[PDB]
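S.K.: build the 3D model from these lines:
(chains A, B, C, D, E and F, ligands or ions: 60)
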Amino acid sequence: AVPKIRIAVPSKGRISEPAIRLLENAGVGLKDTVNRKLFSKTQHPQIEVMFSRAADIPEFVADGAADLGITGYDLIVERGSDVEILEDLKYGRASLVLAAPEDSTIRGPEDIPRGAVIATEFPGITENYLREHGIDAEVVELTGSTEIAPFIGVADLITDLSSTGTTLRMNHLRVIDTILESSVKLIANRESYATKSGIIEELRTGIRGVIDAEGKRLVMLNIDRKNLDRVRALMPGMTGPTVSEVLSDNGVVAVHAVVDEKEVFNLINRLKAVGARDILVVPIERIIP
Amino acid sequence: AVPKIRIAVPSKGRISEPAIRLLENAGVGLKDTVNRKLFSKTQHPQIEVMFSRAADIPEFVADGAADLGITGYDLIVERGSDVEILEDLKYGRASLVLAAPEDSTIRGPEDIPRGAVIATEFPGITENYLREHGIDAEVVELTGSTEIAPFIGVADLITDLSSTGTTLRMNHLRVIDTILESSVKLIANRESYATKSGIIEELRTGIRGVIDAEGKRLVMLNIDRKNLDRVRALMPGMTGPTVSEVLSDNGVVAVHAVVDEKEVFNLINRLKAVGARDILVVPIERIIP
Amino acid sequence: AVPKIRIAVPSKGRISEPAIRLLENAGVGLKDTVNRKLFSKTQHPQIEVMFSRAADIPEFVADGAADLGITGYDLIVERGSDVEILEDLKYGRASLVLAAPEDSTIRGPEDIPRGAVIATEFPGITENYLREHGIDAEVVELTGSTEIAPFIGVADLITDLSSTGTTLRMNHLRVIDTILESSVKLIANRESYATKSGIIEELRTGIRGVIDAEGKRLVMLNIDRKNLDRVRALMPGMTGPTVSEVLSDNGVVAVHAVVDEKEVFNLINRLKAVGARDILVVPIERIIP
Amino acid sequence: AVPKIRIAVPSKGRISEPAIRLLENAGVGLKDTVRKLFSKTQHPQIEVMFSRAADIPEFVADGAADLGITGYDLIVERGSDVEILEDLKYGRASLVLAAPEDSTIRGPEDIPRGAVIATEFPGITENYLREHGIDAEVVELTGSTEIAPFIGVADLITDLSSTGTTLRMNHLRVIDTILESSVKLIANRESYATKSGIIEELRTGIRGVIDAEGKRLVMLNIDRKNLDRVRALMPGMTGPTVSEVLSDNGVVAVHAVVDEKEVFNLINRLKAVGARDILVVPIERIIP
Amino acid sequence: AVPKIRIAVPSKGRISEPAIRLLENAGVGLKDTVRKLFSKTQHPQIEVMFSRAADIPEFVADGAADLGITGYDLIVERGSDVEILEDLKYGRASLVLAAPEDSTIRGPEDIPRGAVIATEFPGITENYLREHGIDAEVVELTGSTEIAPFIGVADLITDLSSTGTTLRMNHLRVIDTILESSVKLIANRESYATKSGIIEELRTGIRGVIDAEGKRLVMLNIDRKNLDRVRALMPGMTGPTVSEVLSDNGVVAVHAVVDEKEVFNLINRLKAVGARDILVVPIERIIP
Amino acid sequence: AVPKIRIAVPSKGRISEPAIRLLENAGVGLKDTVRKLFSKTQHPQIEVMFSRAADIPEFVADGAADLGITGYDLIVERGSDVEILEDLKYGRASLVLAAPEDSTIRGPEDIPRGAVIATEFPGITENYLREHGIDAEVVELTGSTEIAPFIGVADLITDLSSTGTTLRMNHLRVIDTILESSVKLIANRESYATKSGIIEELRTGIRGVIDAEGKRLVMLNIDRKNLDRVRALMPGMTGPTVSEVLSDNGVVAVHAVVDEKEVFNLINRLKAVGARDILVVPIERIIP
Ligand SMILES: N[C@@H](Cc1c[nH]c[nH+]1)C(=O)O
Ligand SMILES: N[C@@H](Cc1c[nH]c[nH+]1)C(=O)O
Ligand SMILES: N[C@@H](Cc1c[nH]c[nH+]1)C(=O)O
Ligand SMILES: N[C@@H](Cc1c[nH]c[nH+]1)C(=O)O
Ligand SMILES: N[C@@H](Cc1c[nH]c[nH+]1)C(=O)O
Ligand SMILES: N[C@@H](Cc1c[nH]c[nH+]1)C(=O)O
Ligand SMILES: [Cl-]
Ligand SMILES: [Cl-]
Ligand SMILES: [Cl-]
Ligand SMILES: [Cl-]
Ligand SMILES: [Cl-]
Ligand SMILES: [Cl-]
Ligand SMILES: [Cl-]
Ligand SMILES: [Cl-]
Ligand SMILES: [Cl-]
Ligand SMILES: [Cl-]
Ligand SMILES: [Cl-]
Ligand SMILES: [Cl-]
Ligand SMILES: [Cl-]
Ligand SMILES: [Cl-]
Ligand SMILES: [Cl-]
Ligand SMILES: [Cl-]
Ligand SMILES: [Cl-]
Ligand SMILES: [Cl-]
Ligand SMILES: [Cl-]
Ligand SMILES: [Cl-]
Ligand SMILES: [Cl-]
Ligand SMILES: [Cl-]
Ligand SMILES: [Cl-]
Ligand SMILES: [Cl-]
Ligand SMILES: [Cl-]
Ligand SMILES: [Cl-]
Ligand SMILES: [Cl-]
Ligand SMILES: [Mg+2]
Ligand SMILES: [Mg+2]
Ligand SMILES: [Mg+2]
Ligand SMILES: [Mg+2]
Ligand SMILES: [Mg+2]
Ligand SMILES: [Mg+2]
Ligand SMILES: [Mg+2]
Ligand SMILES: [Mg+2]
Ligand SMILES: [Mg+2]
Ligand SMILES: [Mg+2]
Ligand SMILES: [Mg+2]
Ligand SMILES: [Mg+2]
Ligand SMILES: [Mg+2]
Ligand SMILES: [Mg+2]
Ligand SMILES: [Mg+2]
Ligand SMILES: [Mg+2]
Ligand SMILES: [Mg+2]
Ligand SMILES: [Mg+2]
Ligand SMILES: [Mg+2]
Ligand SMILES: [Mg+2]
Ligand SMILES: [Mg+2]
Ligand SMILES: [Mg+2]
Ligand SMILES: [Mg+2]
Ligand SMILES: [Mg+2]
Ligand SMILES: [Mg+2]
Ligand SMILES: [Mg+2]
Ligand SMILES: [Mg+2]
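M.R.: Residues are numbered from 1 along each chain as shown, chains lettered A, B, ... in the order given. Ligands and ions are numbered 1, 2, ... in the order given. Find the structure here:
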């Protein structure tokens, strides 16, 4: 009769909570989720959530155990899983870098000698990076804590996943190359997409809408009509500022416009200097241009 | 002089966090909550919160240790506590079902023989269900994990609490009846209500308001005036769409209406096809019709 | 070229999460925060977050390891750290009280004898309180659980941090004085402020804006024009209610005003009695008057 | 052919780790546990089922487990038809009836009609009022009965203590003892009559461990001329064991079973009589 | 001068605490651990590096650790060039191939072309299909292979069990055994040829502990006139030890090494022959 | 009548479980603990109060606890007026003064005026600068002093290590040792003069455990004709114990106290001299 979809959402780690929050904002929040449950209903009667570990999501989606998944690009690439990437989700960004003991000769990938050992949690991506750059080096897979590998003599070099070079400087390591830029993606099974594109695009519009709302707020203010002109030039908004009557002693209007977070501080000072008062910043859940 | 109320809120489990979020949205968020504290102030000077385990809340409220409580209907029924139910809170929904090993003869309650053993966490509800259906069966109370009871030979049948039949299919069990539909309730002591109805109805209005806001968003768009008519028919809203001037090159208006989440996706496509742009979905915390 | 700032934010305890939420609401939410990271980027390219324990934040800020910090006033005072207080953050309020075994002679600080022992987690503040009140009493520093100290014979009196006297009454203790009122503060290094005041005031405006939004919501309603006058007197708002056209059968207008949470319940009943319908309470993230 | 037995063991709480340690000491330790739900042991005929202690009385009576290890309080609360085989001499606790210290009630006889008692053991409590002829309500809590008076849920509580210190902190006074609890080894009656051999083998091991508690083997070197005075000082189970030591003098080695209670005084006595090199060596099991 | 050795020990999982207990029993316990990443032991020449069990085979082969303690399954999965020194007789588990119970597949020979097997050991599995000549896909999971058929990720799973009970719960049937696992003590080849003395010293300690498992010293008092029948009843490692007891009769004390398996029957035999005061005393290490 | 004593024991950290194990080995283990705040022990006259290790020095000096078990570093930091009774030979750690590896400072004498030292032991540090005559600031942190230079909070740190490995990871170099720490048994002076009997009884038990560390009872079977060479090979505490074995030849059993350090060499010696069936049996306590 009517098709259901299952979306694979990380159960633990950094990706998990923001993925739950995004679905919530997309109108597809978790519904009546009992604990000890691997599956959960959502606010949409045709969408369920499967809690899966993040490294398994590429495969679950490739195989069709889940129609859609939310996971990291690094994991998708490492598995080499056969999946369609639908959207970049603009969170969970991290670089898989190649790093060396700061006192090392090696200052760039050109310096890596035949016998060099590299410790990694991502042997697939790392072998591939080495193969593409033609470097002959050995790759040792570790469970974690690659940062310790030079210290204990397992490796000359490491790979590592970071937003800030800080955990690297702390272990006295220097980035000598970036192997991969990673971000969280919404992915899809191909067979699922061809047969269930309505509901899929429905969730995709909801999610895509939340992403376009990022760093966008609705700014409202009361202005005396004599200054309404300078407020136009300051708040162009999406098509133009929305202007409404205010019941007061002066000819006061209320002006609303969607504004980006990059612009709000300079705008506030520019608005106040023109006679704007009662400046409100109201949240926007979804934008569809 | 002036009356204080104490509301019992679950401390752990699935009910806990959403109850805290609901009070927050009702204007009664937790205020300055020190850890290791069994009590907490709220944003309202006359409302305090007592952190109680969910199964104890019916009794705390029945006895008057708490004026009000937020807990599950199953727990209220199981205890048979003497309390007034004020509101259904529309979350934490779950069915207490009667289930059998999938390969069993028993396909419905009619098939249960004299000597049948049923394992449960809810002996009260279960005895009562059996008594009302006239079935002679034995009831064994377990601490948890009733799903394992047939496997280890303790029981022929089990009861279980689920939103999805998934944890049941996983243990190879089939639902042969639904015993009780459960949902989270706001409850009240009777003596508390008669003597403190002002503040109680105040919290009740706040909470009731958050529940009516569920699946309701405020949708805003910019439309060229030539198409303002088709937007009326698409966005009836609560009384009618709110229309405001936009300062642009064309006669553009801005149109706002409260819309239900069931309708937003079809609405978006219907709006875009009519010339609507810059579609915003803004959250609504409380609705009072 | 351009200056970066580092803000010290508590990593564990009651202060932590609300501090993260406040920055989020200020437009400076945590960005791409990898776990096991002591530092994190934020939504602002010039602002980073250092996760620090709350008692260490005064010193980190005094010394310049962090430009700014969010921590409790009690901790700032106890350390006696040299820092500039920028804003009170209006959460995490607690009183450091002096308390005695309820059956004790001591009913006020005047009754404390020469040899009296006071157990505390705040010896600095406590010595200082004693020194200012001229009382000769001994101060014993404990790791925690000062509430047990009279019971085991370590102390006659204790200090304690509470929003509610409940944890004190439970251990059968009575407050005999308040030593210090504590609240969460935004603080700053002096050298950081003189050299990086632009970006600092930018974050300060963002944060200050979120604090002024507390207990303030945007209330919207549909009213028939014949009753628009009584709605003026009920919703003065910031300058005056914003009034917009509604496309319906009657001359209906829509009226919006910023209202304080203290007034919403009485307002709702007053609005309904005048013919107001479809009352919406919409959240406001930031107010800049 | 070969009867196998299942023993229900607590999976969490304070009964768990000591019960597991008890089986280990009895020669039937957890073998290659992948803790879990079912574990193998050193004995081919014995398997452990990890269970919630409150459920163990039921699992045993219904036959899902041949044997169990759980608290007497839980056995009585369930009302489960099980055979108590052995007292395990640990997890002792009294289920007491308690009143607020500022209460007039000092004993069962002071409890007025309609008093409310908060408890985790509603079956035990209702029965206690019916054996004593007291007309009072019973209210069941998940835990923290200590806090019920303070919040106004009950006038009285029951609680489970071995030291009255939790009660003393929360300003509560013991007015009676309802039941004395200790961890028991229990048996399914049908399992016993059909598998007595293997049950008795584990029973003996388990009983041997309990009978070794606080017992030590004391060993010392002494010159031959003082051997007569050691004799009196430590009688042991039957008498002290003697062996020749190879050294310069006529040194002998003397060993005996001694109780912890005796050891300090005994050491002093032995030292004053010329004994040196005194060893205390553990005994896992004793069978008299 | 003085060679020092590093032994990689699992920092979490079920291999961890028993390995640490094993070193303690071998006279090389963790000393003043501030557990950590590197710890001192009772032996000046020995230091522990806490490591993830999956990494230990690599740390050992590459030379970052002279010795390790990790599962055979992990050693084979890594394919690490290490020397297995000793079997440690714990953490036994079979890596089995399993099918849904409602599956037609009962054996390796029933596996149809293109069947999908979910596993945590993709190297072991791929090799198993290549030693048996089976054309099937392999899919690697982080864990919970038991759930893969139910969700439709695979037709078959591998799993690691000592009791088939997890499999029985999730309605799965064992169709073959791929590998039998046990915890091993492993060595770097270069470390052995250069530090054999200290390695063999720890090896002996460790081997002595394993050879003591399930062995006890049984001790009893008996009258001299029955000493002949004890002899037959417990042969011990060579024969029972006898010493004079000081009491009233002609009482002697008799001691022997006995296996746990024997102890119950033996106790009965000894009791029927007049032996009393029977003690079971632990043995930490045995070296024949 | 009957004096009772309270002993403050750490409730968490690395001092906790070994202290509890120490009391158990001393014949005064935790009895029926419902861990808690107050526990009973095997001794009627002894009760345990679980406490934070940092508070134990105060609880003892002020008299809330007669005895305690806590780190020397914490005792000195408090400046608490307590009697140290016994060294407990575990939880050893040095409080070191450390500099960034890329620092010019190699010793105390290199520390320039106004240098900032981050520490968890501000009392110990301030005193160290005043015993050495160094003009430097002290900044107190909750923990993670290792990270203070990297973030720019201090030029120097103090830290508490037994292996310099945490320091080596965070690129820090030890420049001096401020204090050497070990876990102590401490006493209230007033408690000692009034309850010396019971205190000394626990002291002896506790001291007996520490003196047993690394000591074992070695036992072996040998033919009578080789008994002379065993004598030389293991002198024991006074000399080896000998008993007749019942077998076919003239076999005797020989036992002695031996140190862990000796055991490997000794085993080899005994094997070469014809000794077989070598047992290592634990000793809980030794009193010379
Ligand atoms: N007219 C304003 C606000 C708005 C957008 N859409 C609806 N209203 C803008 O274009 O930015
Ligand atoms: N006039 C719109 C929006 C609104 C409701 N209330 C206030 N404004 C509607 O009725 O849906
Ligand atoms: N005019 C309304 C709402 C508003 C404030 N600022 C912009 N709009 C008020 O002053 O309360
Ligand atoms: N003969 C000693 C030791 C012993 C008991 N049983 C066997 N040996 C005693 O009776 O105490
Ligand atoms: N002589 C006894 C005990 C023993 C073994 N080795 C040393 N002593 C036996 O052979 O079993
Ligand atoms: N006689 C042996 C064993 C022993 C010590 N003390 C008592 N027995 C030795 O001196 O080493
Ligand atoms: Cl990596
Ligand atoms: Cl980087
Ligand atoms: Cl990308
Ligand atoms: Cl579809
Ligand atoms: Cl149930
Ligand atoms: Cl269902
Ligand atoms: Cl309902
Ligand atoms: Cl009221
Ligand atoms: Cl305090
Ligand atoms: Cl207060
Ligand atoms: Cl203040
Ligand atoms: Cl600046
Ligand atoms: Cl339980
Ligand atoms: Cl109770
Ligand atoms: Cl209950
Ligand atoms: Cl009492
Ligand atoms: Cl049998
Ligand atoms: Cl691992
Ligand atoms: Cl597997
Ligand atoms: Cl993987
Ligand atoms: Cl099977
Ligand atoms: Cl060597
Ligand atoms: Cl501490
Ligand atoms: Cl330190
Ligand atoms: Cl501090
Ligand atoms: Cl160093
Ligand atoms: Cl005494
Ligand atoms: Mg939702
Ligand atoms: Mg493709
Ligand atoms: Mg990393
Ligand atoms: Mg590159
Ligand atoms: Mg709030
Ligand atoms: Mg009613
Ligand atoms: Mg359930
Ligand atoms: Mg029905
Ligand atoms: Mg953010
Ligand atoms: Mg200043
Ligand atoms: Mg406090
Ligand atoms: Mg005052
Ligand atoms: Mg336990
Ligand atoms: Mg369990
Ligand atoms: Mg349990
Ligand atoms: Mg009642
Ligand atoms: Mg209790
Ligand atoms: Mg382990
Ligand atoms: Mg590890
Ligand atoms: Mg591990
Ligand atoms: Mg595949
Ligand atoms: Mg598994
Ligand atoms: Mg510890
Ligand atoms: Mg503690
Ligand atoms: Mg502690
Ligand atoms: Mg300073
Ligand atoms: Mg440190």
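
S.K.: can you tell if stretch A:185-199 touches chain E?
M.R.: No. Using Cβ under 8 Å from any Cβ of the partner chain, stretch A:185-199 stays clear of chain E, with a minimum separation of 11.5 Å. Bear in mind the C-beta positions are built from the backbone N, C-alpha and C, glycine included.

S.K.: wait, what's in contact with residue A:30?
M.R.: A:20, A:23-24, A:40-42, A:49 (Cβ atoms under 8 Å, 6 or more residues apart in numbering or on different chains).

S.K.: residue A:13 too?
M.R.: Here residue A:13 is in contact with A:54, C:35 (criterion: Cβ under 8 Å, 6+ apart).

S.K.: can you tell me how far it sits from ligand 15?
M.R.: Using Cβ to the ion, to the nearest Å, residue A:13 is found at 37 Å from ligand 15.

S.K.: still on that earlier bit, buried subset of the contacts of residue A:30?
M.R.: A:20, A:23, A:40-42, A:49 (16 or more other Cβ atoms under 10 Å in any protein chain shown).

S.K.: which one of these is nearest to ligand 23?
M.R.: Nearest to ligand 23 among these: residue A:40, at 48.8 Å, using Cβ to the ion.

S.K.: dig out what that closest one forms beta bridges with.
M.R.: Legend: beta-bridge partners of residue A:40 under DSSP bridges are residue A:49.

S.K.: quick one: the strands in the stretch 51-200 of chain A, in order.
M.R.: Per DSSP state E, counting those that start in this stretch, the stretch 51-200 of chain A carries strands over the ranges A:68-72, A:84-88, A:94-101, A:117-120, A:138-141, A:157-162, A:173-182, A:184-188.

S.K.: quick check: which of the ones you listed is buried the most?
M.R.: Sort those by mean neighbour count, taking mean count of other Cβ atoms under 10 Å in any protein chain shown, and strand A:68-72 sits at the top with a mean of 30.

S.K.: phi, psi of residue A:241?
M.R.: phi -60, psi 140 (degrees, to the nearest 10).

S.K.: got a list of what the nearest residue to residue A:118 once chain neighbours are set aside touches?
M.R.: Using Cβ to Cβ, 6 or more residues apart in numbering or on different chains and skipping residues adjacent in sequence, the residue nearest residue A:118 is residue A:157, 4.4 Å away. For residue A:157, the contact set (Cβ under 8 Å, 6+ apart) comprises A:98-100, A:106, A:112, A:116-119, A:137, A:150, A:176.

S.K.: what does residue A:250 give?
M.R.: A:224-225.

S.K.: switch the strands of the stretch 51-200 of chain A over to a markdown table; also include distance to residue C:164.
M.R.: Shown next, in a markdown table, are the strands of the stretch 51-200 of chain A (distance: least, Cβ to Cβ, whole Å):
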| stretch | distance to residue C:164 |
| --- | --- |
| strand A:68-72 | 41 |
| strand A:84-88 | 47 |
| strand A:94-101 | 43 |
| strand A:117-120 | 53 |
| strand A:138-141 | 54 |
| strand A:157-162 | 43 |
| strand A:173-182 | 47 |
| strand A:184-188 | 42 |
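
S.K.: and ligand 15, which of these is closest to it?
M.R.: Of the strands of the stretch 51-200 of chain A, nearest to ligand 15 by Cβ to the ion is strand A:157-162, at 39.4 Å.

S.K.: how far does the closest one sit from its chain's centre?
M.R.: Centre-to-centre, strand A:157-162 and its host chain are 20 Å apart (Cα atoms, centre = their mean, to the nearest Å).

S.K.: what's the answer for stretch A:205-218, then?
M.R.: Between the centre of stretch A:205-218 and the centre of its host chain there is 12 Å, according to Cα atoms, centre = their mean.

S.K.: what about it, near chain B?
M.R.: Yes. Residues of stretch A:205-218 are located near chain B by Cβ under 8 Å from any Cβ, namely A:205-206, A:209, A:218.

S.K.: and which of those residues is nearest to ligand 56?
M.R.: residue A:206 (50.3 Å).

S.K.: ok, the closest one - how many residues close by?
M.R.: For residue A:206, the neighbour count with other Cβ atoms under 10 Å in any protein chain shown is 25.

S.K.: in a helix, that's where it is, yeah?
M.R.: Yes. With DSSP: H, G, I helix; E, B strand; the rest coil as the criterion, residue A:206 is located in a helix.

S.K.: roughly how far apart are it and ligand 22?
M.R.: According to Cβ to the ion, residue A:206 and ligand 22 sit 61 Å apart.

S.K.: now that residue, nearest residue through space, not along the chain?
M.R.: Nearest one to residue A:206, counting by Cβ to Cβ, 6+ apart, is residue A:26 at 3.5 Å.

S.K.: wait, that neighbour sits on residue A:203?
M.R.: Yes. In this structure, residue A:26 is within contact of residue A:203 by Cβ atoms under 8 Å, at 6.9 Å.

S.K.: is stretch A:120-140 up against ligand 7 anywhere?
M.R.: Yes. Interface with ligand 7: stretch A:120-140 contributes A:120-121 (Cβ under 5 Å from the ion).

S.K.: so who does residue A:236 touch?
M.R.: With Cβ under 8 Å, 6+ apart, residue A:236 has these contacts: residue A:257.

S.K.: gap between the spatially most central residue of chain A and residue F:254?
M.R.: Compute the mean C-alpha point of chain A, and by Cα atoms, centre = their mean the closest residue is residue A:91, 1.9 Å away. From residue A:91 across to residue F:254, the span is 73 Å (Cβ to Cβ, to the nearest Å).

S.K.: same deal with residue A:124?
M.R.: Separation of residue A:124 from residue F:254 (Cβ to Cβ) stands at 62 Å.

S.K.: check residue A:117 too.
M.R.: 53 Å.

S.K.: same question, residue A:112
M.R.: 63 Å.

S.K.: tell me the domain ranges of chain A?
M.R.: Domains of chain A are assigned by curated CATH domains as A:1-91+A:183-215, A:92-182, A:216-289.

S.K.: minimum distance to ligand 19: which of those has it?
M.R.: Among the domains of chain A, the nearest to ligand 19 by Cβ to the ion is domain A:1-91+A:183-215 (17.6 Å).
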